[PDB]
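Report on the following structure.
In this analysis, Cβ positions are derived from the backbone assuming ideal geometry, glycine residues included, and neighbour counts consider all displayed protein chains. Coordinate-derived values only; no laboratory data.
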Amino acid sequence: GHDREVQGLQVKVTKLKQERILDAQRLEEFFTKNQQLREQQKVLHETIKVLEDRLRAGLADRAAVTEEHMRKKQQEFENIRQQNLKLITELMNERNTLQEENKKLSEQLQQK
Amino acid sequence: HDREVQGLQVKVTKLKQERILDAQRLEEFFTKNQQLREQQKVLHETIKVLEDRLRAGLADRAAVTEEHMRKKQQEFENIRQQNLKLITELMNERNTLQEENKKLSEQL
């Protein structure tokens, strides 16, 4: 009757009011979880910047630092080569002046 | 009970409308939540792709320079031992000429 129908309606109003308390707080949780993901993406973007800065820095630095050593290694070799070339020329000149004198004495003994 | 039962059924339908609207806002927050989830996976995939380019770039520059240090020192040692061989050949020839000259000078 009138009492039962009013009782049934007041129950529906109470149950809906409790669900609205839960729904409003579920929205607040979704908002905080989304803002947490945004601040987490800020950190990941900073990490991407450091990696892209080290891709250009590591490529352009090692390309010039390794050339510094390839250059200085040949300079070491060229100094040794220059010392060896001076030895080769002095010995070749000393040998030629000696070998000419050997044929002069060898033909002198045969003619006599 | 006529103006009261009607007065409650309106409040029920108003509350149901507020829960339907909140259910739509929960769908909006949920879809925006999964979008940021997929964006983080992209950032994680991007970070891993860049970290792999580091390992590939370093192992390449470390192996290319090792090929240069190997072939350069192979050249310098082939040249140096070529000069050592030549210098010793000239020295032995100089010595054997001085011996023969001193022998021939005494023969006369």
Consider only pairs whose beta carbons are under 6 Å apart and that are at least six residues apart or on different chains; among these, list those whose first residue lies in segment B:55-81 and is within 16 Å of A:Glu78 (Cα to Cα) and whose second residue is aromatic (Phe, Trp, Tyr). B:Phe76/A:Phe77
Subset of segment A:13-49 that is within 17 Å of B:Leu36 (Cα to Cα) and among the polar types (S, T, N, Q) - its residue that is farthest from the chain's Cα centre (by Cα): A:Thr32
B:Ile20 meets each of (1) more than 8 Å from every other protein chain (Cβ to nearest Cβ); (2) surrounded by 14 or more Cβ atoms within 10 Å (Cβ to Cβ) with one exception, condition (2)
Evaluation of A:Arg81 against (1) surrounded by 11 or more Cβ atoms within 10 Å (Cβ to Cβ); (2) within 30 Å of B:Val49 (Cβ to Cβ); (3) of a type in the set (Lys, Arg) (one fails), failing number: (2)
Residues satisfying the stated conditions in segment A:61-98, i.e. within 30 Å of the chain's Cα centre (by Cα) and among the polar types (S, T, N, Q): A:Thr66, A:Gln74, A:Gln75
Counted residues, segment A:25-49 - those being under 25 Å from B:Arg19 (Cα atoms) and either surrounded by 14 or more Cβ atoms within 10 Å (Cβ to Cβ) or facing another protein chain (nearest Cβ under 7 Å) (or both): 6
Identify, by number, the condition in (1) within 46 Å of the chain's Cα centre (by Cα); (2) within 7 Å of another protein chain (Cβ to nearest Cβ) that B:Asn101 doesn't meet. (1)
Lone unmet requirement of (1) acidic (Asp, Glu); (2) over 22 Å from B:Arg55 (Cβ atoms); (3) loosely packed, with under 14 Cβ neighbours inside 10 Å; (4) at the interface with another protein chain (Cβ under 7 Å from one of its Cβ atoms) for A:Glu52: (2)
